[PDB]
$ cat structure.cif   # mmCIF, N, CA and C atoms
data_data
loop_
_atom_site.label_atom_id
_atom_site.label_comp_id
_atom_site.auth_asym_id
_atom_site.auth_seq_id
_atom_site.Cartn_x
_atom_site.Cartn_y
_atom_site.Cartn_z
N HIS A 1 181.01 86.47 152.73
CA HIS A 1 179.97 86.87 153.67
C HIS A 1 180.55 87.07 155.07
N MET A 2 181.42 86.16 155.48
CA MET A 2 182.05 86.24 156.79
C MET A 2 182.94 87.47 156.90
N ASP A 3 183.62 87.79 155.81
CA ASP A 3 184.51 88.95 155.78
C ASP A 3 184.41 89.68 154.44
N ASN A 4 184.72 90.97 154.46
CA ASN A 4 184.66 91.78 153.25
C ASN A 4 185.92 92.63 153.10
N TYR A 5 186.39 93.19 154.21
CA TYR A 5 187.59 94.02 154.20
C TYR A 5 188.82 93.19 154.54
N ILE A 6 189.97 93.63 154.04
CA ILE A 6 191.23 92.93 154.30
C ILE A 6 192.35 93.92 154.60
N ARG A 7 193.15 93.61 155.61
CA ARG A 7 194.27 94.46 156.00
C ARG A 7 195.14 94.81 154.79
N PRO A 8 195.52 96.09 154.68
CA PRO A 8 196.35 96.57 153.58
C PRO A 8 197.78 96.05 153.66
N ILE A 9 198.58 96.37 152.65
CA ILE A 9 199.97 95.94 152.61
C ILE A 9 200.69 96.28 153.91
N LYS A 10 201.22 95.25 154.57
CA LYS A 10 201.93 95.44 155.83
C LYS A 10 203.42 95.12 155.66
N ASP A 11 204.24 95.72 156.51
CA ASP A 11 205.68 95.50 156.46
C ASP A 11 206.07 94.23 157.21
N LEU A 12 206.47 93.21 156.47
CA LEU A 12 206.87 91.94 157.07
C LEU A 12 208.36 91.92 157.39
N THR A 13 208.74 91.11 158.37
CA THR A 13 210.14 91.00 158.77
C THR A 13 210.55 89.54 158.94
N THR A 14 211.84 89.27 158.77
CA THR A 14 212.36 87.91 158.91
C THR A 14 211.91 87.29 160.23
N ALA A 15 211.86 88.10 161.28
CA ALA A 15 211.44 87.62 162.59
C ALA A 15 210.03 87.03 162.54
N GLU A 16 209.17 87.63 161.73
CA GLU A 16 207.80 87.17 161.59
C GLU A 16 207.56 86.57 160.21
N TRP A 17 208.64 86.14 159.57
CA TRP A 17 208.55 85.55 158.24
C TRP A 17 208.12 84.09 158.32
N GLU A 18 208.83 83.31 159.13
CA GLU A 18 208.52 81.89 159.29
C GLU A 18 207.03 81.69 159.57
N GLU A 19 206.52 82.41 160.56
CA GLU A 19 205.11 82.32 160.92
C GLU A 19 204.22 82.88 159.82
N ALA A 20 204.71 83.91 159.13
CA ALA A 20 203.97 84.54 158.05
C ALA A 20 203.53 83.52 157.01
N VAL A 21 204.24 82.39 156.97
CA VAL A 21 203.93 81.33 156.02
C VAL A 21 203.61 80.02 156.74
N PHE A 22 204.61 79.47 157.41
CA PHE A 22 204.43 78.22 158.14
C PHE A 22 203.19 78.28 159.03
N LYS A 23 203.15 79.27 159.91
CA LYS A 23 202.02 79.44 160.82
C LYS A 23 200.80 79.95 160.08
N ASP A 24 201.03 80.75 159.04
CA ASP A 24 199.95 81.30 158.24
C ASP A 24 199.83 80.58 156.90
N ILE A 25 199.06 79.50 156.88
CA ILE A 25 198.87 78.72 155.66
C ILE A 25 198.06 79.51 154.63
N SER A 26 197.25 80.44 155.11
CA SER A 26 196.42 81.26 154.23
C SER A 26 197.25 81.82 153.08
N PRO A 27 196.56 82.25 152.01
CA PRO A 27 197.21 82.82 150.82
C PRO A 27 197.82 84.18 151.10
N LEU A 28 199.12 84.31 150.82
CA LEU A 28 199.82 85.57 151.03
C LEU A 28 200.84 85.82 149.93
N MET A 29 201.05 87.09 149.59
CA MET A 29 202.00 87.46 148.55
C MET A 29 203.18 88.24 149.14
N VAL A 30 204.39 87.79 148.83
CA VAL A 30 205.59 88.45 149.33
C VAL A 30 206.16 89.42 148.30
N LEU A 31 206.10 90.71 148.62
CA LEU A 31 206.60 91.74 147.72
C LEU A 31 207.99 92.20 148.15
N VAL A 32 209.02 91.62 147.54
CA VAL A 32 210.40 91.98 147.86
C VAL A 32 210.82 93.24 147.12
N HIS A 33 210.79 94.37 147.83
CA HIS A 33 211.18 95.65 147.25
C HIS A 33 212.57 96.06 147.71
N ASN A 34 213.20 96.95 146.95
CA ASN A 34 214.54 97.43 147.28
C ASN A 34 214.60 98.95 147.24
N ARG A 35 215.15 99.55 148.30
CA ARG A 35 215.26 101.00 148.38
C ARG A 35 216.39 101.50 147.48
N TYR A 36 217.40 100.66 147.27
CA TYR A 36 218.53 101.03 146.44
C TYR A 36 218.28 100.65 144.98
N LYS A 37 217.79 99.44 144.76
CA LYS A 37 217.50 98.96 143.42
C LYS A 37 216.14 99.45 142.94
N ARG A 38 216.13 100.21 141.85
CA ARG A 38 214.90 100.75 141.30
C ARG A 38 214.06 101.43 142.38
N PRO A 39 214.48 102.64 142.77
CA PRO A 39 213.79 103.42 143.80
C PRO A 39 212.43 103.93 143.33
N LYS A 40 212.31 104.16 142.02
CA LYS A 40 211.07 104.65 141.44
C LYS A 40 210.07 103.51 141.25
N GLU A 41 210.49 102.49 140.50
CA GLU A 41 209.63 101.34 140.24
C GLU A 41 209.04 100.80 141.54
N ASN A 42 209.80 100.90 142.62
CA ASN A 42 209.35 100.42 143.92
C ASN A 42 207.97 100.97 144.26
N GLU A 43 207.73 102.22 143.88
CA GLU A 43 206.45 102.86 144.14
C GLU A 43 205.40 102.42 143.12
N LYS A 44 205.83 102.23 141.88
CA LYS A 44 204.94 101.81 140.82
C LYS A 44 204.32 100.44 141.13
N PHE A 45 205.11 99.58 141.77
CA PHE A 45 204.64 98.25 142.12
C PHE A 45 203.59 98.31 143.23
N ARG A 46 203.99 98.84 144.38
CA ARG A 46 203.09 98.96 145.52
C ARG A 46 201.79 99.64 145.11
N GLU A 47 201.89 100.60 144.20
CA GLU A 47 200.72 101.33 143.72
C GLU A 47 199.71 100.38 143.09
N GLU A 48 200.18 99.54 142.17
CA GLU A 48 199.31 98.58 141.50
C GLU A 48 198.89 97.46 142.44
N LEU A 49 199.87 96.92 143.17
CA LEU A 49 199.60 95.84 144.11
C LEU A 49 198.47 96.21 145.06
N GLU A 50 198.58 97.38 145.68
CA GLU A 50 197.56 97.85 146.61
C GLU A 50 196.18 97.83 145.97
N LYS A 51 196.05 98.49 144.82
CA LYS A 51 194.79 98.54 144.10
C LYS A 51 194.30 97.14 143.75
N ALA A 52 195.22 96.29 143.32
CA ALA A 52 194.89 94.91 142.96
C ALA A 52 194.10 94.23 144.07
N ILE A 53 194.49 94.50 145.32
CA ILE A 53 193.82 93.90 146.47
C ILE A 53 192.38 94.40 146.58
N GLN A 54 192.19 95.70 146.34
CA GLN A 54 190.86 96.30 146.42
C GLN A 54 189.95 95.76 145.32
N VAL A 55 190.52 95.58 144.13
CA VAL A 55 189.76 95.06 143.00
C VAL A 55 189.07 93.74 143.35
N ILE A 56 189.80 92.86 144.01
CA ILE A 56 189.27 91.57 144.41
C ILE A 56 188.08 91.73 145.36
N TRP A 57 188.20 92.67 146.28
CA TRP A 57 187.14 92.93 147.25
C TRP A 57 185.80 93.10 146.55
N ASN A 58 185.81 93.80 145.42
CA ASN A 58 184.58 94.03 144.66
C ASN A 58 184.09 92.74 144.01
N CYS A 59 185.03 91.87 143.65
CA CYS A 59 184.69 90.60 143.02
C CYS A 59 183.74 89.79 143.90
N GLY A 60 183.87 89.97 145.21
CA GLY A 60 183.01 89.25 146.14
C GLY A 60 183.74 88.12 146.85
N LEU A 61 185.04 88.30 147.06
CA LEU A 61 185.86 87.29 147.72
C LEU A 61 186.93 87.95 148.59
N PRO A 62 187.25 87.30 149.72
CA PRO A 62 188.27 87.80 150.65
C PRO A 62 189.68 87.70 150.08
N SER A 63 190.18 88.82 149.56
CA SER A 63 191.52 88.85 148.98
C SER A 63 192.54 88.24 149.93
N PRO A 64 193.69 87.82 149.38
CA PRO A 64 194.77 87.21 150.16
C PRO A 64 195.47 88.21 151.07
N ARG A 65 196.58 87.79 151.66
CA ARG A 65 197.34 88.65 152.56
C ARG A 65 198.50 89.32 151.82
N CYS A 66 198.58 90.64 151.92
CA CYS A 66 199.64 91.40 151.26
C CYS A 66 200.75 91.75 152.25
N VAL A 67 201.99 91.46 151.85
CA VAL A 67 203.14 91.74 152.70
C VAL A 67 204.35 92.14 151.86
N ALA A 68 205.10 93.13 152.34
CA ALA A 68 206.29 93.60 151.64
C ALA A 68 207.53 93.49 152.53
N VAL A 69 208.62 93.00 151.95
CA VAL A 69 209.87 92.85 152.69
C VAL A 69 210.99 93.66 152.04
N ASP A 70 211.76 94.36 152.86
CA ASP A 70 212.87 95.17 152.37
C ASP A 70 214.06 94.29 152.00
N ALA A 71 214.51 94.41 150.75
CA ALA A 71 215.64 93.63 150.27
C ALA A 71 216.95 94.17 150.82
N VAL A 72 217.00 95.48 151.04
CA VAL A 72 218.20 96.13 151.56
C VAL A 72 218.39 95.81 153.04
N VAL A 73 217.28 95.69 153.76
CA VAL A 73 217.33 95.38 155.19
C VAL A 73 217.31 93.88 155.43
N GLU A 74 216.26 93.22 154.94
CA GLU A 74 216.12 91.78 155.11
C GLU A 74 216.92 91.03 154.04
N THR A 75 218.24 91.04 154.18
CA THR A 75 219.12 90.37 153.23
C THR A 75 218.98 88.86 153.33
N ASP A 76 218.83 88.36 154.55
CA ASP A 76 218.68 86.93 154.78
C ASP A 76 217.50 86.37 153.99
N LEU A 77 216.33 86.96 154.19
CA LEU A 77 215.12 86.52 153.49
C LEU A 77 215.36 86.46 151.98
N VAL A 78 215.78 87.59 151.42
CA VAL A 78 216.04 87.67 149.98
C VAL A 78 216.91 86.51 149.52
N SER A 79 218.07 86.35 150.16
CA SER A 79 218.99 85.28 149.81
C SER A 79 218.28 83.93 149.76
N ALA A 80 217.31 83.75 150.65
CA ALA A 80 216.55 82.51 150.71
C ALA A 80 215.69 82.34 149.46
N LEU A 81 214.99 83.40 149.08
CA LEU A 81 214.13 83.37 147.90
C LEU A 81 214.96 83.31 146.62
N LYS A 82 216.20 83.77 146.71
CA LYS A 82 217.10 83.76 145.56
C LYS A 82 216.60 84.71 144.47
N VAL A 83 215.99 85.81 144.90
CA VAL A 83 215.47 86.80 143.96
C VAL A 83 216.59 87.66 143.39
N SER A 84 216.44 88.06 142.13
CA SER A 84 217.44 88.88 141.46
C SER A 84 216.85 90.22 141.03
N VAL A 85 215.58 90.21 140.65
CA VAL A 85 214.89 91.42 140.22
C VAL A 85 214.13 92.06 141.38
N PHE A 86 214.12 93.39 141.41
CA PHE A 86 213.42 94.12 142.46
C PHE A 86 212.75 95.37 141.90
N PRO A 87 211.51 95.63 142.34
CA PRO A 87 210.82 94.76 143.30
C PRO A 87 210.44 93.42 142.70
N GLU A 88 209.72 92.61 143.47
CA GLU A 88 209.29 91.29 143.01
C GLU A 88 208.11 90.79 143.84
N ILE A 89 207.07 90.32 143.16
CA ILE A 89 205.89 89.80 143.83
C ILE A 89 205.85 88.28 143.79
N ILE A 90 206.39 87.65 144.82
CA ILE A 90 206.42 86.19 144.91
C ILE A 90 205.12 85.65 145.50
N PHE A 91 204.28 85.08 144.64
CA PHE A 91 203.00 84.52 145.08
C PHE A 91 203.21 83.19 145.79
N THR A 92 202.99 83.18 147.10
CA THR A 92 203.15 81.97 147.90
C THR A 92 201.82 81.52 148.48
N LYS A 93 201.71 80.22 148.74
CA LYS A 93 200.49 79.65 149.30
C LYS A 93 200.80 78.41 150.13
N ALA A 94 200.28 78.38 151.35
CA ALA A 94 200.50 77.25 152.25
C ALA A 94 201.98 77.06 152.55
N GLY A 95 202.70 78.17 152.63
CA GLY A 95 204.12 78.11 152.92
C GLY A 95 204.92 77.53 151.77
N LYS A 96 204.45 77.76 150.55
CA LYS A 96 205.13 77.25 149.36
C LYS A 96 204.99 78.22 148.19
N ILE A 97 206.09 78.44 147.48
CA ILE A 97 206.08 79.35 146.34
C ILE A 97 205.39 78.72 145.13
N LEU A 98 204.66 79.54 144.39
CA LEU A 98 203.94 79.06 143.21
C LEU A 98 204.46 79.74 141.95
N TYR A 99 204.41 81.07 141.93
CA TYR A 99 204.87 81.84 140.79
C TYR A 99 205.52 83.15 141.24
N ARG A 100 206.49 83.62 140.46
CA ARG A 100 207.19 84.86 140.78
C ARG A 100 207.03 85.87 139.65
N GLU A 101 206.31 86.96 139.93
CA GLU A 101 206.09 88.00 138.93
C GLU A 101 207.26 88.98 138.90
N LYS A 102 207.93 89.05 137.76
CA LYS A 102 209.06 89.95 137.59
C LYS A 102 208.78 91.00 136.52
N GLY A 103 208.24 92.14 136.95
CA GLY A 103 207.93 93.21 136.01
C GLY A 103 206.69 93.98 136.41
N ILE A 104 206.58 95.21 135.93
CA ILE A 104 205.44 96.06 136.24
C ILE A 104 204.14 95.42 135.77
N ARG A 105 203.13 95.44 136.63
CA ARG A 105 201.83 94.86 136.31
C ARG A 105 200.70 95.72 136.88
N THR A 106 199.54 95.67 136.22
CA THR A 106 198.38 96.44 136.65
C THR A 106 197.62 95.70 137.75
N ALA A 107 196.91 96.46 138.58
CA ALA A 107 196.13 95.88 139.66
C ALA A 107 195.22 94.76 139.16
N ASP A 108 194.63 94.97 137.99
CA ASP A 108 193.74 93.98 137.39
C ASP A 108 194.53 92.75 136.94
N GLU A 109 195.50 92.97 136.06
CA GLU A 109 196.32 91.88 135.54
C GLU A 109 196.89 91.04 136.68
N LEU A 110 197.23 91.71 137.78
CA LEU A 110 197.79 91.03 138.95
C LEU A 110 196.72 90.22 139.67
N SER A 111 195.61 90.88 139.98
CA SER A 111 194.50 90.22 140.68
C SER A 111 194.19 88.87 140.05
N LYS A 112 194.12 88.84 138.72
CA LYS A 112 193.83 87.61 138.00
C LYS A 112 194.91 86.56 138.25
N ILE A 113 196.17 87.00 138.26
CA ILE A 113 197.29 86.10 138.50
C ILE A 113 197.16 85.41 139.85
N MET A 114 197.26 86.20 140.92
CA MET A 114 197.15 85.66 142.27
C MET A 114 195.85 84.88 142.45
N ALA A 115 194.76 85.45 141.96
CA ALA A 115 193.45 84.81 142.06
C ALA A 115 193.43 83.48 141.32
N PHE A 116 194.26 83.37 140.28
CA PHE A 116 194.34 82.16 139.49
C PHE A 116 194.99 81.03 140.28
N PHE A 117 195.92 81.39 141.16
CA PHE A 117 196.62 80.42 141.98
C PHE A 117 195.95 80.26 143.34
N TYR A 118 194.92 81.06 143.58
CA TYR A 118 194.19 81.01 144.84
C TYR A 118 192.73 80.63 144.61
N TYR A 119 191.97 81.55 144.04
CA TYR A 119 190.55 81.31 143.77
C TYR A 119 190.36 80.75 142.36
N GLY A 120 191.42 80.17 141.81
CA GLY A 120 191.35 79.60 140.48
C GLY A 120 190.70 80.54 139.48
N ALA A 121 190.93 81.84 139.66
CA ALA A 121 190.37 82.85 138.77
C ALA A 121 190.91 82.69 137.35
N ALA A 122 190.52 83.60 136.47
CA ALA A 122 190.96 83.56 135.08
C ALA A 122 192.44 83.94 134.97
N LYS A 123 193.08 83.48 133.90
CA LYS A 123 194.49 83.78 133.68
C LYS A 123 194.66 84.82 132.58
N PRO A 124 195.35 85.93 132.92
CA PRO A 124 195.60 87.02 131.98
C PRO A 124 196.58 86.63 130.88
N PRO A 125 196.68 87.48 129.85
CA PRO A 125 197.58 87.24 128.71
C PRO A 125 199.05 87.37 129.10
N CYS A 126 199.37 88.42 129.85
CA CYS A 126 200.74 88.66 130.28
C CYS A 126 201.27 87.47 131.07
N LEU A 127 200.40 86.83 131.84
CA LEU A 127 200.78 85.68 132.65
C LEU A 127 200.72 84.40 131.82
N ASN A 128 199.77 84.34 130.90
CA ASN A 128 199.61 83.17 130.05
C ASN A 128 200.93 82.77 129.40
N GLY A 129 201.75 83.77 129.10
CA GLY A 129 203.04 83.51 128.48
C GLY A 129 204.20 83.82 129.41
N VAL A 130 204.12 83.32 130.64
CA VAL A 130 205.17 83.55 131.62
C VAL A 130 205.74 82.23 132.12
N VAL A 131 206.88 82.30 132.80
CA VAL A 131 207.54 81.12 133.34
C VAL A 131 207.29 80.98 134.83
N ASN A 132 206.49 79.98 135.20
CA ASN A 132 206.17 79.73 136.61
C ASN A 132 206.71 78.38 137.06
N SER A 133 206.90 78.23 138.37
CA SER A 133 207.42 76.99 138.93
C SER A 133 207.10 76.89 140.42
N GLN A 134 206.72 75.70 140.86
CA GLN A 134 206.39 75.47 142.26
C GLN A 134 207.62 75.05 143.06
N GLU A 135 207.80 75.64 144.23
CA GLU A 135 208.94 75.33 145.08
C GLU A 135 208.67 75.73 146.53
N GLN A 136 208.95 74.83 147.46
CA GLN A 136 208.73 75.09 148.87
C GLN A 136 209.39 76.40 149.29
N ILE A 137 208.90 76.99 150.37
CA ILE A 137 209.44 78.25 150.87
C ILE A 137 210.59 78.01 151.84
N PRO A 138 211.72 78.69 151.60
CA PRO A 138 212.92 78.57 152.43
C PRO A 138 212.72 79.19 153.82
N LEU A 139 212.98 78.40 154.85
CA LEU A 139 212.84 78.86 156.23
C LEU A 139 214.12 79.54 156.71
N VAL A 140 214.03 80.84 156.98
CA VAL A 140 215.18 81.60 157.46
C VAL A 140 215.42 81.36 158.94
N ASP A 141 216.69 81.26 159.32
CA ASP A 141 217.06 81.03 160.71
C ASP A 141 216.93 82.31 161.53
N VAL A 142 215.91 82.37 162.38
CA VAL A 142 215.67 83.54 163.22
C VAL A 142 216.10 83.28 164.66
N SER A 143 216.76 84.26 165.26
CA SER A 143 217.23 84.14 166.63
C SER A 143 216.59 85.20 167.52
N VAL A 144 216.04 84.77 168.65
CA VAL A 144 215.40 85.68 169.59
C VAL A 144 216.13 85.70 170.93
N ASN A 145 217.24 86.42 170.98
CA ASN A 145 218.03 86.52 172.20
C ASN A 145 217.24 87.22 173.31
#

$ encode --input "structure.cif" --output "C-alpha cells"
Amino acid sequence: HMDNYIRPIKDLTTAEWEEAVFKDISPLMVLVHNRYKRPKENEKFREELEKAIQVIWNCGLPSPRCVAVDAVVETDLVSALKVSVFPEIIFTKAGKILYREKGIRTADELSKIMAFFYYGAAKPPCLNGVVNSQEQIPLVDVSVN
C-alpha cells in the first residue's frame, strides 16, 4: 500500500557496494554479468530478471532491489563473491548471501526463488533441487582519494 513501483535494474559499483548491502539491509539481488564471458546469455538473464521484478509487483508486494555488477570491470567485487559462472544472480539479504542461482531462469521461476528467501513465497521445482548455502557478504576495500 505504501509503495507499488520499484526502481528497475541499476548499475552497481564497488564504490557503492558496501553501502548497497551494509547500509542497505533491504532485500537486494546482485547480478554479476560479464561482457566477455557469455555475451549472449548476459542479455537472456537481464531479460528474465527484469520481468521477474514486474511479476512481483502484480502479486501485491514491493519487489526487492535489483542491481547488476560488471565482472570484467568490477574484478574486486567478483573475487570477493568467488563467483565462477557468469552471469550470476546472487540473492543477498541484510548484507548476507543466501542462495546463488547459476543458470538461465524465467521471470516467474526466479520471482518465486527470491520471494521464497524474502517474502517466504513458494519454492519452484528448479530451485527445489538446487544447492543453496548461507554466507556473510564480503566487504570490498574501497578507497576515496

$ residues_around --input "structure.cif" --residues "residue 124 in chain A" --least-positions-apart "2" --cutoff "8 Å" --atoms "only N, CA and C atoms" --output "ChimeraX atom specification"
/A:108-113,116,121-122,126-129

$ atom_distance --input "structure.cif" --atom1 "atom N of residue 82 in chain A" --atom2 "atom C of residue 16 in chain A"
16.3 Å

$ atom_distance --input "structure.cif" --atom1 "CA of residue 100 in chain A" --atom2 "CA of residue 5 in chain A"
25.5 Å

$ select_by_dssp --input "structure.cif" --residues "chain A" --states "strand (DSSP E or B)" --output "ChimeraX atom specification"
/A:10-11,28-33,65-70,88-92,96-101,135-136

$ atom_distance --input "structure.cif" --atom1 "atom N of residue 92 in chain A" --atom2 "CA of residue 144 in chain A"
25.8 Å

$ residues_near_point --input "structure.cif" --point "(211.9, 96.8, 143.7)" --cutoff "6.5 Å" --atoms "all atoms listed in the file" --output "list in words"
residues 32, 33, 34, 35, 37, 38, 39, 41, 42, 85, 86, 87 and 88 of chain A

$ select_by_dssp --input "structure.cif" --residues "chain A" --states "helix (DSSP H, G or I)" --output "PyMOL selection string"
chain A and resi 14-23+41-59+75-81+107-118+125-128

$ resolve_selection --input "structure.cif" --expression "the PyMOL selection byres (((chain A and resi 80 and name CA) around 9) and name CA)" --output "list in words"
residues 75, 76, 77, 78, 79, 81, 82, 83, 137, 138, 139 and 140 of chain A

$ residues_around --input "structure.cif" --residues "residue 135 in chain A" --least-positions-apart "2" --cutoff "6.5 Å" --atoms "only N, CA and C atoms" --output "number ranges by chain"
A: 96-98, 133, 137

$ closest_residue --input "structure.cif" --among "A:55, A:61, A:36, A:45" --to "residue 3 in chain A" --atoms "all atoms listed in the file"
A:61

$ resolve_selection --input "structure.cif" --expression "the PyMOL selection byres ((chain A and resi 29) around 6.5)" --output "list in words"
residues 27, 28, 30, 31, 64, 65, 66, 67, 68, 89, 90, 91 and 92 of chain A

$ closest_residue --input "structure.cif" --among "A:118, A:99, A:57, A:17" --to "residue 4 in chain A" --atoms "all atoms listed in the file"
A:57

$ closest_residue --input "structure.cif" --among "A:69, A:48, A:1, A:62" --to "residue 13 in chain A" --atoms "all atoms listed in the file"
A:69

$ closest_residue --input "structure.cif" --among "A:123, A:94, A:50, A:70" --to "residue 136 in chain A" --atoms "only N, CA and C atoms"
A:94

$ axis_aligned_box --input "structure.cif" --around "range 112-129 of chain A" --padding-each-side "8 Å" --output "lines of an AutoDock Vina configuration file"
center_x = 197.3
center_y = 84.2
center_z = 136.7
size_x = 29.8
size_y = 25.2
size_z = 32.4

$ residues_around --input "structure.cif" --residues "residue 25 in chain A" --least-positions-apart "4" --cutoff "6.5 Å" --atoms "all atoms listed in the file" --output "list in words"
residues 20, 21, 93, 94 and 95 of chain A
